[PDB]
Every structure is written in C-alpha cells, then in structure tokens.
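*Asks:* One structure coming up, written as structure tokens, with questions to follow.
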Amino acid sequence: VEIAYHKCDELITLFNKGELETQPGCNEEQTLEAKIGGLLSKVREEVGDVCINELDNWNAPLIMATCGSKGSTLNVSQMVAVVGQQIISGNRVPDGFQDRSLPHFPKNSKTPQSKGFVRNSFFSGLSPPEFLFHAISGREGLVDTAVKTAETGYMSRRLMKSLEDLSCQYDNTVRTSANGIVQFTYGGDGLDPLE
Amino acid sequence: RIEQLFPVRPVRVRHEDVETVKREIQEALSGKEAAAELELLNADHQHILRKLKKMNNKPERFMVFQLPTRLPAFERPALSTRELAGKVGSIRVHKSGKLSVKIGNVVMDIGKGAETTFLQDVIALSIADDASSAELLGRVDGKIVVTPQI
Amino acid sequence: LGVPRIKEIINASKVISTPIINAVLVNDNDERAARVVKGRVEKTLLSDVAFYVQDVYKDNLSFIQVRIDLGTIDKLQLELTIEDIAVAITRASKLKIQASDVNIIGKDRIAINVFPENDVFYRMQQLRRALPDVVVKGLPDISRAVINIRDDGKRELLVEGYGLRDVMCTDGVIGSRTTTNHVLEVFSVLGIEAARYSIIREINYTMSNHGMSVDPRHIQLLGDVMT
Amino acid sequence: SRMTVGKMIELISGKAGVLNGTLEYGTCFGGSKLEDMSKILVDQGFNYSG
Amino acid sequence: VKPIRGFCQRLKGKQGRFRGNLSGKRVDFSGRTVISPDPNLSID
Amino acid sequence: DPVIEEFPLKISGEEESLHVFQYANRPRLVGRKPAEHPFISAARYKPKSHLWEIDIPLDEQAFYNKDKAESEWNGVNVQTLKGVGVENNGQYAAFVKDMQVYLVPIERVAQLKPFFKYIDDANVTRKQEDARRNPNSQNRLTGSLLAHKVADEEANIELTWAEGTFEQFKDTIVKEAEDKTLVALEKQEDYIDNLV
Amino acid sequence: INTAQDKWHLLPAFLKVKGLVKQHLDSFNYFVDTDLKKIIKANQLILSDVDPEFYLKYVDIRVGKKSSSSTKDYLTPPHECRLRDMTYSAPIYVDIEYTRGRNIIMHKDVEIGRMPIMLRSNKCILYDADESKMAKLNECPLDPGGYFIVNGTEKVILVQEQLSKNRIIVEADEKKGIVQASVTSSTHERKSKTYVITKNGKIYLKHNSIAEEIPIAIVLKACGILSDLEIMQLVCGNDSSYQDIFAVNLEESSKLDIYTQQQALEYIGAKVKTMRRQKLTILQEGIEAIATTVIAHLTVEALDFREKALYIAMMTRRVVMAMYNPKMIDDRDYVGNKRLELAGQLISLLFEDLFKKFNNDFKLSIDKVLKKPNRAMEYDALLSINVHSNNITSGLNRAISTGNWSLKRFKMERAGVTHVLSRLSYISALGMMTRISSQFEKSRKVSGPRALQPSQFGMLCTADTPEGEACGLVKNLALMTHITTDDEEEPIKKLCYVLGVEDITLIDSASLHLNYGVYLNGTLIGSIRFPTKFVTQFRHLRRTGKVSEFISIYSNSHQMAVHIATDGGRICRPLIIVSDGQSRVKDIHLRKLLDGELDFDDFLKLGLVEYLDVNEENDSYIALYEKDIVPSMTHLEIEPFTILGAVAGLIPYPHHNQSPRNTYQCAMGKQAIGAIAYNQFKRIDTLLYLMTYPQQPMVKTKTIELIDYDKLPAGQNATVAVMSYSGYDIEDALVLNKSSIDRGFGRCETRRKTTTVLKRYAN
Amino acid sequence: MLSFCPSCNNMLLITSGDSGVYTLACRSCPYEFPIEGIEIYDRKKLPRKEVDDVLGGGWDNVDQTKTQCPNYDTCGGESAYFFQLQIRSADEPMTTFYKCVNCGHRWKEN
RNA sequence: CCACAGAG
Ligand SMILES: CCC[C@@H](C)[C@H]1CC[C@H]2[C@@H]3[C@H](O)C[C@@H]4C[C@H](O)CC[C@]4(C)[C@H]3C[C@H](O)[C@]12C
Ligand SMILES: [Zn+2]
Ligand SMILES: [Zn+2]
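Chains as they are written, first to last, in the authors' numbering: chain A, 731 to 925; chain B, 195 to 224, 273 to 319, 350 to 422; chain C, 1121 to 1236, 1253 to 1363; chain D, 951 to 1000; chain E, 347 to 390; chain F, 68 to 203, 223 to 282; chain G, 38 to 800; chain H, 1 to 110.
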C-alpha cells in the first residue's frame, strides 16, 4: 500500500504540473482518476491474493468460501486485509466541500486516503474518514435496493400483461388468445427450456 | 475633445489570465494569501506616503478618509463630545516604511481600499431662501481607509 | 446497461440515451485510414477550422469575414475545400441566407454579405454569433467518434448518434456488418426482421452482462411479440 | 457475508470483562483494545481468542 | 376541499374495481404466519 | 518600530455640509494623463428628496448632426445627469496645508447617472396623442411610491455655480481648526469592547 | 497526570448544561419569552369603524404568570394530564387598555386561552426539579421532555428541514440545457420565489406575479442602472467570455427601444397581473413591483435603488458563470444550504394566525354591538372576550393534535408535522427526538437527497436512518451539535463598515469585481480591500466575545467573495481552536474543568472552543488527533465518535462493522423490549412492552453513558456459542435454551389500555 | 460589434438612415460616428487546439517517385515522397498521398 | 375516508 500511495502521489504531482499524458483520450482529470482507480484496484487484488494464500486450512471463512455456502474471497480479503477503494456511482467519493472531500484533508488534494480509499482492515478498525466513506457506500447500496423495486415491479407487470395470452397449441404453434400465430414453432425447434 | 468623443471600446481580458492581470489593472490607474496581503500593504503604504508628499499645498486636491463612524470620545474644554473639532490624531510613519494613524490614544491601520475608475470632486452647498450657491471646491484624487487595530 | 436499458428496449422509445453505432472498416489495420474515415462521419464545426470570424463595415457595405486555414485541413486530412465550406454555409436554415451572398476572397477568406432602420446590425450580429456553430463536414446527429481496437488488433469506429444509414452508406465503412444498439433506427433502416434481431441481441447482451443466465428462447418470444 | 468483526470483538471484550469483573468500553473509534482482552483471558485460564 | 369519489374514480387506480377486486381479491380459507426452519420435514 | 515624522489630523467644518458627486459615465483618467472636468451649465437640488441634476453642454462641432435632434428631440443640446444623495457617515474629505492634514465631513454622496428628459417628453406627447384621440380614506401609497411622489410634486430650486471658492473655504476651515487642540479621555482598551 | 488525549471530557460538560433535547427546549423558551411580545407588538391596536373613539390595545403578555402574584399559577401535573386525557397547558395572561365610556381603563390578567406548555420548558412544572419532587409528581426523572401532552396523547413537533431562505441557488438542466438561479424570499408579508432562467441563450427573469418573462436588461435599467456599460461591467466585469455570452441581453433592450428608467418601469408594470385596490398609474405599479414583488426580502424605501440592482446583478453573474461551465453550480443537497425550522418557530407562526383571527372576530363582534345606539359603558371587552378566547386554545389544540397545519395568511399547507411519541423503549423515545424530516417525500431521485453527502460529518448521524422507502429522507442529529438562533443584522453591518468595508453607494461599479466583496446573509453589502485580514479580525472579535458566537465568516475564493451568516437554523458543531501547531486547550484547562469549575461556556469565553457550521468548516482544516497536528491546521476535533448519533451509540465497536449492519441496528434498536421509565407502572398507555429482568450491556459505550441508557436497559446478556448446533439455525435462525427460558431469559409482558367514556347526551 | 457610447455609455447601433451610409448611431443621446475612410471591425479569436495528427511522419525511409508537382512557381522538384493507403471501399482504386521534396504542399490521387 | 409508523 505504501508503494501504491507513492506512485499515486507521483501521478498527482505530474497532473499538478500539467505534463500528465492523456493516453485514453479523455481530459487530464478523467485519465488521472482512471489511473488512480486502476492502481488501487491492483493493490487491493494483490493484498487480497497474498492474504488468501497466507490462510491455513480449517479457517472458517476460507472453508465457507471454498464450499460456496456463504461469503466469497472478497469478503475474507476485506475482513483480514485491506478493504479497498470505495466507489460511489462509478467514481470515487465526490467533493462534498469546496474542491475537497472532507475538511480533515488539505484543499486541492487527490491522495487516495482523501478521495475514498481505506487502508485498514475490518478487523483493525476504521479511521473516521474511512468510516464516513464506507457509510456513504453502504447508504448508496441501501437506497438503490430501496428504490429499484418500484420500477422493476412496474416493468414486470407490464411484461406479464403483454404476454399473458400466449400458449402452445396442440399443432406446435404459439398462438395468441385471438388464434393468431406469433411463432410457428417455439424458438425455432419447439424445446422447453425446463427440460 | 477628440478622444472624449471617440467611441470607447470596453476592457476585455481573456478568462484564463484575468487573475494574473489583476495586479496590473490595479497598478495602472493609480500563507500565500498572507504574503500577498503583506506585499499589497507595503506597496500601498509607500504609495500613500508618496501621494501625501505630492499634494503638499496644492489647490483643488483632495483625498477621502474612511474613518470609523464612532470615533473615540473626548472631554469638552460627560457629554463625550459626539461632534468633533480641532486636532484629534496624527498620521505617523515608521522607519520600516509602514504607516499608522493615532487618533487620540488609539492606534489604527491605514490602506487605500477600492480604487475608482471615474472622476470625483468635492462640492460645498449653502441653502437659503434669499441666496443659494454650490461651489466646486476641487477634485477628489483617490480614497484611503483607516481600520481599527486589534 | 441494467434496469434502465431493459426498460428502454422493451418500451420501444424513439429517443434513447447513449445510442452507440458500431462500424467496421474495410482497412482496419492502419491508424491513418481509421483517422481519415473518422474525419468523414465525425462532424467538425466551423469553429474548428477558422482562425477567427469578424464583422467588417465598408463605406456602404457590411459583411462577415471568415479565415479558414488550409493547415488544419491538411493536418487532419479532412476532404474539405473552401467552396465546400461556402456551400455548407448556404445549407444553413436558421441564418436564412440565400445561396448567392457568400464570396471567396483570396484562397482563405470567405465573405458573407448582408443587404437591407436598424435591421442590418441585428441581422449581422445574429449571423456573427451563430456562424461558428455551423456544420461544414460530417453528419448532423453524430455527436462524436472514437476509434477503438478489438482484441484481435483490428480497428473499429464507435459513433454516438442516430444517423445509421448515413454512417453505413459512407465510403470506407463496410455497409454489411454495421449495426447499432438503438432498435428504432435498425427497424426504419433494415426492416422488421432486422429489428427483431436487434431486440434479441440487445436483450441477450444486457442479460449476459450481469450473468443472470436467462435462456434465449424467452428473449426470442419477447422479440416475436414486439415485432 | 455480513462481515461483522465487531461482534467477535464484542464477545471477547465481554468475556474478558466479566472474568475481570469490570465492564469494558466499546466506544467508537477507540474503546478497550483486543490485546488487553487476550491478556486478561490468558491470565484467567481461557484461550486468547475466546 | 376534498374531491368527491366518482364512478371513474371507483373504476381506476390500484384500489379500483379492475385492479383491486377483479384481477385479484381477498380470499377465504387463508392464514398468515411467521416462518421458522425444520430440516426433519420433507421438502414437499 | 519608532516614528520619524507625524502628520497631524485636524477635524473641522461641522456645519459646512459638503457633497460629492460620482460621475458614472466618464473615466478618471484618459491614458496615463488626468482627464478634463466638464464645463458646468446649470444644476438643481430637490430639498425633500435630495436629488441632484447637473446639465452639461455637450459638443456641437463634431459627432452631433443636429438634424436628428431637431427632428424628434426638439433640438436637445445638453446632457443631464441625475443622482441621489445618500448618507454615508465615516466619510471625510481631506486636504494638506503645510504638511498638516485637514479633514471635513461629507454629508452625502451622489451617483450621477445619465438621464433623458426628452425621451420622457416624447413618450408623454405620444401618450397624449393616442389617448385624447379615442377614449377606448384615499391614502394607501407607501414605500418608494411616497418618495417618488415627493420627488415629482416638489418644487425645484435653481442653484448658482461658482469656482475658485477653494481659497476662501480653506481659509475658513483652517481658521475654525487652528484654535483648538483636544485631549484624550479613554484608553485604547476601552475602544475594543464597544463597537470596535 | 492528565494528558490531552482525555480532552473528550469536554463532551459531558457540554451535555451537562445544554442538554440533548435542547433543540426543542431552547426554541420553545425563546418563543414564550420573546415571540409573544413580538406578536402582540405587531398588531396590539384595535379600532372600531362605526364609532371612531373606542380603541383597544394590548400592552403586555405572559404565560402562567399572574401580574398581582409573584408566584406562578397552579398547573395540573403532566402525568395527571396524561391519565385524565386533558391538555397540559397554562393560561395566556394579557394586559389590556381600553375605553369605558370616556375612562381610560387599564385592566390586567384577562385570559385569552390556554397555551399548551411543552414539558421541561422554563414554564413547565418539571423545570429544575430534583428527583424527589419529580417522584412526587409521578414523572420519570430520566425523561427527555420536549413533547406536548394534548388530549391525553403526547405529540412531538419534529424538526423540519428546508432549503435555505433568502439565498441564491443556481441549478443547471443539461438534458434541457437551461441554467437558472432561484431565490425564495420569505418574510412576514409574503413568501415569493424569483427565478432568473436562461431561455434561447438569453437571460430572462420570471416571477409568479408577473405575466411574462421580463428581459434582464429591462429590469436592470428599471432598478436604477440607466447606462448599459455599467450593466455589462456589473454582470461580467473585465472578462472576455462572460461579455461574449452576455452581449445578447444588452442587444435585447435596444431591440425594444427602452432607454430610460420610466420606459422600463412602465414596460414591467404593464405585465404585472396583481392589479387591485384602485390601482395607480402603470409607472407606479412597476415601481411597486420592482420595490417589493421581484425580491421580497430586500425592500427599497428611498429613491436609491442600488442594493436591489446589485443583488440582481450578482444573481445574473452567477447565471453567466453557470453558462460558461456547468461545474460551478452550488449543490442543492449541501448541508450548508439547508436550515432547520424548530418547534418554536412553527408554534409562533400558528399562534400568529390564530391571534389575527381572534382579533378580527373580536373587532367584528365589537362593531356589531357598538353600531347600535343602545350602548352601555361601551360594551366592555372582558364581557365579550371569553367566547372568542376559547377559539385560540381550540385552534392550538386541534393543530397540535391532528397534525394538520393550515395557515391561510401565509398560504402554507403542511401535513404530518407532529407525531405520536413512540414509547417502545427509552432509547426509542429519545431517538424520536433529534429527528429531522426532509422537505419533500414524493421524489425517488437516487443519488439526490437520499444519498449521504460528506458535508454532514459531525452535524447529522452517519448511520441512523430508517430502512425502506424513507431511507435517507429522515435523518438524526449528531450527539454534539447546536442549532443557531436568529440575530439582528444591523450591528453586524455597522461592525463591517467600521472594520474596512466600503459601502456600495460610494464605490465604483466597474472596479467592483477587481477586489473581494462582502455579503451579509447573501445580500451584497460592500467591498473589502484585504479579505484575509478582515476575516482574521472578524474571527478574533468573535472569539473574544464582542459579537455573538453563532455569526459565521467564510471566504469563497471561486466567487472572490466573503460571506457572513447570521440567521438561525444553521446546524453547527463545537471544536477546539489550534494555533501555531499547539492546541489552545492545555492540560491546566482540563484539570480546571475536571475539578468542578470552568464549565463549557467558560471555554467559549476564553476563546478555547468555538462553533463552526458547514460553511465555516469549508474554510477550516481540522485535525482528528494530537498526532495529526501540523502547522497548517486550523481546528482540532474534540472527539470523533460524536459523528454517530444517540441511537448509533448503542453499537459496540461500530467501526469494525459494515455500514449497512450499523444502519440496521440503528433502525432495530428502537424496537427493543425493556424498561421504559422509572414511572412505567403508573402509566396507562395504549401499548407498552416491558421486560422482567433487564441487564446492563457487558460492552458499553461512552454514548450509552451520556444518554443514561445504562440505567434503563433493554436486553439481556446471553452466553452464545457460535456454532451450527442443528439444522434449525439455518438462515439467521437462533437456537434458544429451554432451561434458560424457564429461569427467566427473555421473559416479557405486554400492557394494553381500553378506554371508555360515559357520554352525557343532549336528551 | 461592442462599441460603447462616450456620452451616456450605451450600445451603439449601426444604422443606414436613408442616404445609404452606415453610422454608429446612438438612440439614447444625440451622437454618432460615420465610418468614412477608415473601416471598423470586431474580430473574435476562435480557440486553436492541438488536434490529432494523421500523417505525422508517414514518409520516413519510403520510396520516392517521379511526379510533377502542381506548384511550379516555387520549386522545380520532380522527386516526390509517396505512400499508398487504402482509404475507400475494396471495390475502388487504392488512393495514394504524395508530396514535394522542397515546398511541401501534399496532394493525393485516387 | 386520509395520514403517520413499522414488517418483508
Ligand atoms: C434535437 C434532438 C433530435 C431528435 C429528437 C431526432 C433527430 C434525429 C431523429 C431520428 C432521425 O429522425 C431518424 C429516425 C426516424 C424514425 O422515424 C424515428 C426514430 C429516428 C431514430 C429519429 C428519432 C428522433 O426523432 C431523432 C433522433
Ligand atoms: Zn449615447
Ligand atoms: Zn513542390
């Protein structure tokens, strides 16, 4: 994480001077953000890999991940090793103040510890800025869960009202209620996906 | 008169370098932020001293003081002497090129404040039914500001 | 891609968000050919080719002078000439300029004259403010074009617009394998069967992006219902 | 799946507190550390991880 | 002022006749209860 | 730290009631050189509403073409500036006499802005022309309505303009000044705790 | 022996005097003390229309204090009111001066209705009462108070949150491509919204009263700025792109042949739709519309139209800056742009409407009687005031009880203002207070008001919000906050002019954007040469104690302006000042605090701690510990775990948990079964849950200690063995112990109340 | 045109009147400025951005052909740097780009 | 008949 922080700081200094290279074709801010996100994802993946490799057998989260009953590799990596970058609406933590995230960080800064990366394990406890950023991520997850249901149910009702009349007649032709053919054979071969 | 009636083209400055030419526009007519404030204070103090030396015994020359609206009270030669008369203070200047204004027993800081881009003049008015007269006493050449020091 | 994408497909909407048109190229293993075929479909405004636009009053005449540099044309390899810019200016509807006022001065300058109160100033001011936003080369609905590389190394062109027929009819782009994610354009260009294929492909791609593993026969049934 | 390490820390803190006889503080951004709980549990004869 | 309830109001909406009493309706011989596991019970 | 020379203040002129106009349409400087003050023709001061009107005879030898002005503006040849005298306490106009700085209060400040009486005259003449051709308690006005009504129904006072009064004014100010020197009453610390 | 790391002891002292439910209590106390006097002083005078000699004037008003007796009057105890289904209230005594014939009769202590007291206020019987006298009145000493007992039930006026009044909010619609700036001018007469929108590339101004969208150049000309160069210099300044955007609006005025102030004024007055009341000329109607209608909170009195013109010019400059790039638009969801209306303000507004109706009906009845010649001693007021007095208390009780909020004078309609205080647990009753309800509930905009903005660090709880459809709309106050109170602004204006602010009526319009400008409550007030030194001096005067500590000063460099906020409703947080890398609170101050003397207000008076709101925090640089202090630091956090609310404090080790689990516990700890209050057996509530053997938590929290959850717990410690004992624990299910249940684990009881009234019929 | 009045500080509208000469008339006050002799102009400088190169270094270590250059008023060079690039569809002739050795002025043929 | 408050 120190190597990742140092390389990110070098990229921030290059962006601040202005000679940052825009290889993807977007502007300087977007390519800096993409490079920082890639670097932090890489460091999370590496620390998670070494953490999973360093856990012995009869480790209960490792067993429950090998079984597939509950949890996964990512959850064990988050509890034992670095949690990783918190992502809100596809980007890092938005600047809720005047061109900075929180008043605990200096103005005009894009260092990972200020833009929403947490270097602490869930076992080791979270620093208050990391706690707030993780609270933001959990809040957006909860609100998405709360508000998807209305649109999804409306779409399901519309689909079912549209497709309620179809049936497979005894001549292997899908027909409407008014006896008009939609498909001559269901799917072109007349095979139920169930069987 | 030829330039007075010449059609005026307004000041245009590119958006990128509006802040850089701010000092130039300020100077043409007449931590980091703290250092800039000190630089402006020193330059302003030198400019005010030069301006005061310039208009020594010159007609139609005026500068407007922005003094506190509630001056320190005094003793009538307690009614606190709300309306003032006579000598009250002094513009003292120090060896380090800095200036201060001592009103009575209160020291205060001095500066120039906002700089105007238009003609100004001072006029005395006398109103009476039998006779009335408005007199142009002179031109107002700049303004300065005096603030209490805490 | 997600709930809005399914909602935007199954509810067939004439206008959508992010209407990507993907196009393959006949010469897909050369960066310069990809750039020059991008230059045809990606619209370039007059503001990208003009040093300046100015308004000059003569003694009894008033006109607008535009300085077009051939350097930018040569450096971008746009197939654009000065008279092409002139006739493109004539094809502007809001300016209401008839096609006999634009004249060529030098090999760069283009003059737009306005002829007759105070109406002449208002008209030429409107022309001055609206002129550098005119389209001179490209398609009106194509917002931008990006050259992308596929995993095998071949180059393709992704544009963001609604002009499917114009994109697939331009030379240099293969007109048989060009598709778009928008379904109404596919319908109006290539028939109801191609619309059905586009519906099936788009729904299957959106479903397989999340890895939900929906059997394609249901998707085919839905496509046969909407078409 | 729910990733509540604070529950395990609470269990060990409570065990060490009740064995020591004193209530133990689990204040946010601080509280009684895990190492002291392990030391108290070891001195009381139980396992260090509870 | 409270709007009155008309026939069109009685036939429209999630509480109208079509979506509240005809497409689906409250039924007899039913029960609602909190659930709890039982592995010794057959899946059917 | 220490002082080399003191420039004494001296407050006087508590009844002269000076005023300052602020022209909003002419620059203070043209080039690096100072500008030229306009010649003054006439002025008016409204007593109740504290309005100032200044008439400036503009140039006629160039850039006029009086034909338009006689065609629709009845041959207007002077530009008028109207301003509102607003109170601003804490303002002192100061001069320097023999290294001694003298100050005198400014009662009001006026923002003179261009005014077009003749446009209103043409408008009201047109209104009469298109209104008389075909017809087609009682006190409620407050706020700025009463002030505008006072400014309308008042009686303008014509003033006289004089120049070279600066010498007599300076002599009167220094005569009112030199007789008195005042002694402080309260300490510096007593200034802070009440409207510093 | 003491160190700086134990500075968290400022937190209990802060809670020792202020209180945790001070948001309701201070507001209601301020209402009773001052807003009654203000409401009377607004319309104390009543005159008749038939016989113009009878005048009736209220002189003084008070609640629960008779003028003749120093001792306050007798009130029923709160628990007696709860049992007997009355409303806990005190009579409203008012002094009256009227005419009996020709005699100027001064009469005192006439009752105009019963004002329902809020519990534990300065007028309640539970104020500063020791637990012995609190036990005498059948009231729990560990009760937050702050609720109104009406008709037997107990209701809570939840703290409302609104977009900041009298502020410029700039928003952009990219799909439509319109930028606009809105100002909601709210005052005693009107609450009107003014929009400055961009349509077809031209800046237009629109208002509800005005029929058509006025061009901006027309209204700028009408508002005293005759010249167009001044307009362009005000809106754009010495800039290229802004002038290129704005020149069209200058051309628009020339297209409509408007060049003088009278022309623009009559053009605007021709569009004003609210003509009534024997209207004046079109020019005077336009003058009135510009003076009051377009921006209500800035009213112009004299002929000088400077401040209104500069306000509209700054609004349009914000609009043009939005046109140049859409990144410089202020966020509507920012905490600094939201103000918190408390119970006192709403009760004052409702009492204003009720008293106006009462006075109108009283005047109507007096005119009905005195119109007839047969008058005896001018038909004294005290004979005919009680039947009108009952309407005041009827309206107050109905408005508090039903929750409906209908004020016709202010055209305001609110529903769901008060809620029934949920007595499911002590922590639930506490958490119902310090709850903030957002302004709208219909919108489902994800990543809008529902998302947790980082601006609420330490001002609102970061984990407590109800799960479900209201997730993110209902928030909770943090443990250590303080909502400001409204203050007068004229002394601040004079202090500004003294400190070096040059007034707007004496400075150049063209050079105005060449230096920083000072804003008071969002209205431009003057120009400052050196903004940094002005800000430092203002902060030093605030810290000394020569101005109110809730006045906020902050310098926004992007707008090149400096703002002073004065109005109440801003949410704040106290913090420790650090200077020169050393915290201003040394160990000697902590020892003095722990020894008993030197309370928190003494920390405020010596400049050791100070209150910052969100906008003030934007200009600061706060460290989190002693180890994090650098010479560039500005403030030091007292203690970080204040960012969790009262309910969120129950969770042990919350920073080791995933955030949704913390939110779920915040939601589900308010349903815990446990002891309700010390007098839970003398209460008869509609549904109450009690536990036989509650126990203390083995793992406590400092937040638990401060809110006294320790004394009245809800839950038992269970010896848990985390293992898969059987197949019956799959999918979150638990495996209880039969013997443990038999011995008393989890034993609970439910109490229900059935009420009946023997109505005495009219027969 | 953004000229401002020197009397009342207003916008200058150019009008022809009826004689056919354009003047910087001001409708707020009697003032105009005829444009006889010298002419006036207002230039708005459009931005100049660095766009992506397409033929940057496309003629390094390449063969040189013998073609007559169209510009014969500057150079008499007959050796031209050429490059074959498929630009149109596969059923059309392959276009090529080639330039003079002295005066540049690149040109293409199909 | 509405509006709160929770449970999925
Ligand atoms: C400014 C926004 C323009 C936009 C709303 C207009 C401009 C170009 C228009 C499309 C083209 O007409 C081609 C198609 C015609 C079919 O009949 C219906 C769909 C189709 C895709 C059109 C939809 C829509 O009408 C568009 C996108
Ligand atoms: Zn003019
Ligand atoms: Zn050549």
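Cβ atoms here follow ideal geometry from the backbone N, Cα and C, with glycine treated the same way.
Identify the contact partners of H/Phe33 in chain B, using a Cβ-Cβ distance below 7 Å as the criterion.
*Replies:* Counting from 1 along the eighth sequence, the entry for residue 33 of chain H is found at position 33. In chain order: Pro201.
*Asks:* Does the CB of H/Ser28 have a neighbour CB from chain F at under 8 Å?
*Replies:* Taking the first residue of the eighth sequence as position 1, residue 28 of chain H is located at position 28. Yes, H/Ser28 counts as interfacial toward chain F.
*Asks:* Mind checking if G/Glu288 is an interface residue toward chain C, Cβ cutoff 8 Å exclusive?
*Replies:* Position 251 of the seventh sequence, counting from 1, holds the residue named residue 288 of chain G. Yes, its Cβ sits closer than 8 Å to a Cβ of chain C.
*Asks:* Using C-beta distances below 8 Å, list every residue in its chain close to B/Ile395, excluding the 5 sequence neighbours before and after it, in chain order.
*Replies:* Numbered from 1 along the second sequence, position 123 holds the residue referred to as residue 395 of chain B. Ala406, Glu407, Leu408 and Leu409.
*Asks:* Between B/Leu391 and F/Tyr90, which are expected to be in contact by the criterion C-beta below 8 Å, what is the C-beta distance as a whole number of angstroms?
*Replies:* What you label residue 391 of chain B is simply residue 119 of the second sequence in a count that begins at 1. What you label residue 90 of chain F is simply residue 23 of the sixth sequence in a count that begins at 1. About 5 Å separates the two Cβ atoms, so the contact holds.
*Asks:* For a test of the three-state rule: what should DSSP assign to G/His626, helix, strand or coil?
*Replies:* Taking the first residue of the seventh sequence as 1, we reach residue 626 of chain G at position 589. G/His626: helix per DSSP, three-state reduction.
*Asks:* State the Cα-Cα distance for the pair G/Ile473 and G/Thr700, rounded to the nearest angstrom.
*Replies:* If you number the seventh sequence from 1, residue 473 of chain G lands on position 436. If you number the seventh sequence from 1, residue 700 of chain G lands on position 663. Distance between the alpha carbons of G/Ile473 and G/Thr700 is about 16 Å.
*Asks:* Using beta carbons (cut-off 8 Å, strictly below), is C/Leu1196 in contact with chain H?
*Replies:* Sequence index remark: in the third sequence, residue 1196 of chain C carries index 76 (1-based). Closer than 8 Å: yes.
*Asks:* Just verifying my parser: in three-state terms, what is the DSSP assignment at C/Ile1217?
*Replies:* Reading the third sequence from its first residue, position 97 is the one you call residue 1217 of chain C. Of the three classes helix, strand and coil, the one that applies to C/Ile1217 here is coil, per DSSP.
*Asks:* Heavy atom of ligand 2 less than 7 Å from the Cβ of F/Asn92, yes or no?
*Replies:* Taking the sixth sequence and counting its residues from 1, one reaches residue 92 of chain F at position 25. Not under cutoff, so the answer is no.
*Asks:* Going by the CB atoms, is the gap between A/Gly868 and G/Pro697 shorter than 8 Å?
*Replies:* Here residue 697 of chain G is taken as the residue at index 660 of the seventh sequence, counted from 1. Here residue 868 of chain A is taken as the residue at index 138 of the first sequence, counted from 1. Cβ distance < 8 Å, so G/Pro697 and A/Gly868 count as in contact.
*Asks:* May I ask you to report which of helix, strand or coil DSSP gives G/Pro691?
*Replies:* Taking the first residue of the seventh sequence as position 1, residue 691 of chain G is located at position 654. It is helical.
*Asks:* Mind listing, in chain order, the continuous alpha helix (DSSP H) runs of no fewer than 4 residues lying wholly within the segment 78-150 of chain G?
*Replies:* 115-121, all fully within the segment 78-150 of chain G.
*Asks:* H/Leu2 and H/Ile14 - do their beta-carbons sit closer together than 8 Å?
*Replies:* By 1-based counting over the eighth sequence, the position of residue 14 of chain H is 14. By 1-based counting over the eighth sequence, the position of residue 2 of chain H is 2. Not in contact: H/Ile14 and H/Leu2 (Cβ atoms no closer than 8 Å).
*Asks:* Can you give me the start and stop residues for the beta strand (DSSP E) that B/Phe307 sits inside?
*Replies:* In the second sequence, the residue the question calls residue 307 of chain B occupies position 65. Residues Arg303 to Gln308.
*Asks:* According to DSSP, is C/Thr1306 helix, strand or coil?
*Replies:* Counted from its first residue, the third sequence places residue 1306 of chain C at position 170. Coil, per DSSP.
*Asks:* How about H/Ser28: is its Cβ closer than 7 Å to a heavy atom in ligand 2?
*Replies:* Your numbering for residue 28 of chain H matches position 28 in the eighth sequence. Indeed, a heavy atom of ligand 2 lies less than 7 Å from the Cβ.
*Asks:* Chain H partners of F/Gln146, CB-CB under 8 Å?
*Replies:* As a working note, residue 146 of chain F is residue 79 in the sixth sequence. Correct list: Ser7, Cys8 and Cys29.
*Asks:* By how many angstroms is the C-alpha of C/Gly1297 removed from the C-alpha of C/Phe1171?
*Replies:* As a first step, residue 1171 of chain C must be located in the third sequence, where it is residue number 51. As a first step, residue 1297 of chain C must be located in the third sequence, where it is residue number 161. One C-alpha to the other measures close to 28 Å.
*Asks:* Can you tell me whether C/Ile1355 is buried or exposed, with buried defined as 16 or more other CB within 10 angstroms of its CB?
*Replies:* Residue mapping note: residue 1355 of chain C aligns to position 219 of the third sequence, counting from 1. Per the 10 Å Cβ criterion, buried.
*Asks:* Give me the subset of the segment 279-313 of chain B whose CB atoms are less than 9 Å from a CB atom of chain G, sorted by chain position.
*Replies:* Residues passing the 9 Å Cβ filter: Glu279, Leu282, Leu283, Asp286, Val306, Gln308, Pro310, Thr311 and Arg312.
*Asks:* Is there contact between the segment 721-731 of chain G and the segment 485-494 of chain G, where contact requires at least three CB pairs shorter than 8 Å?
*Replies:* Touching, no, given that fewer than three Cβ pairs across the two stretches are closer than 8 Å.
*Asks:* Taking only heavy atoms of ligand 2 into account, decide whether any of them is closer than 7 Å to the Cβ of H/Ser7.
*Replies:* Stepping through the eighth sequence from its first residue, residue 7 of chain H is reached at position 7. It does: the Cβ of H/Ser7 is within 7 Å (strictly closer) of some heavy atom of ligand 2.
*Asks:* For a test of your reading of the model: does the CB of H/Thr74 fall under 7 Å from any non-hydrogen atom of ligand 3? Yes or no.
*Replies:* Here the question's residue 74 of chain H lines up with position 74 in the eighth sequence. Result yes, Cβ under 7 Å from ligand 3.
*Asks:* Who are the neighbours of G/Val483 on chain A, taking C-beta pairs under 7 Å?
*Replies:* Along the seventh sequence, one-based indexing puts residue 483 of chain G at 446. The contacting residues are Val873, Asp874 and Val877.
*Asks:* CA-CA distance, G/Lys74 and G/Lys707?
*Replies:* If you number the seventh sequence from 1, residue 74 of chain G lands on position 37. If you number the seventh sequence from 1, residue 707 of chain G lands on position 670. Distance between the alpha carbons of G/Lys74 and G/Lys707 is about 40 Å.
*Asks:* Does C/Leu1357 come within less than 8 Å of chain A when only Cβ atoms are used?
*Replies:* If you number the third sequence from 1, residue 1357 of chain C lands on position 221. At least one chain A Cβ lies under 8 Å of C/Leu1357.
*Asks:* Should residue 112 of chain H be counted as a contact of ligand 3 given a C-beta to heavy atom distance under 7 Å?
*Replies:* Lying outside 1 to 110, the shown extent of chain H, residue 112 of chain H is not represented and no answer is given.
*Asks:* Taking just the CA atoms, how far does G/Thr430 sit from G/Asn423?
*Replies:* Your numbering for residue 423 of chain G matches position 386 in the seventh sequence. Your numbering for residue 430 of chain G matches position 393 in the seventh sequence. If you take the alpha carbons of G/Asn423 and G/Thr430, they lie about 11 Å apart.
*Asks:* F/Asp68 versus chain B: which residues are under 8 Å apart at the beta carbon?
*Replies:* Position 1 of the sixth sequence, counting from 1, holds the residue named residue 68 of chain F. Within 8 Å Cβ-Cβ: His366, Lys367 and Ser368.
*Asks:* Express the C-alpha separation of F/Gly142 and G/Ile76 in angstroms, rounding to a whole number.
*Replies:* On the seventh sequence, residue 76 of chain G is found 39 positions in, with the first residue counted as 1. On the sixth sequence, residue 142 of chain F is found 75 positions in, with the first residue counted as 1. When rounded, the distance between both Cα atoms is 59 Å.
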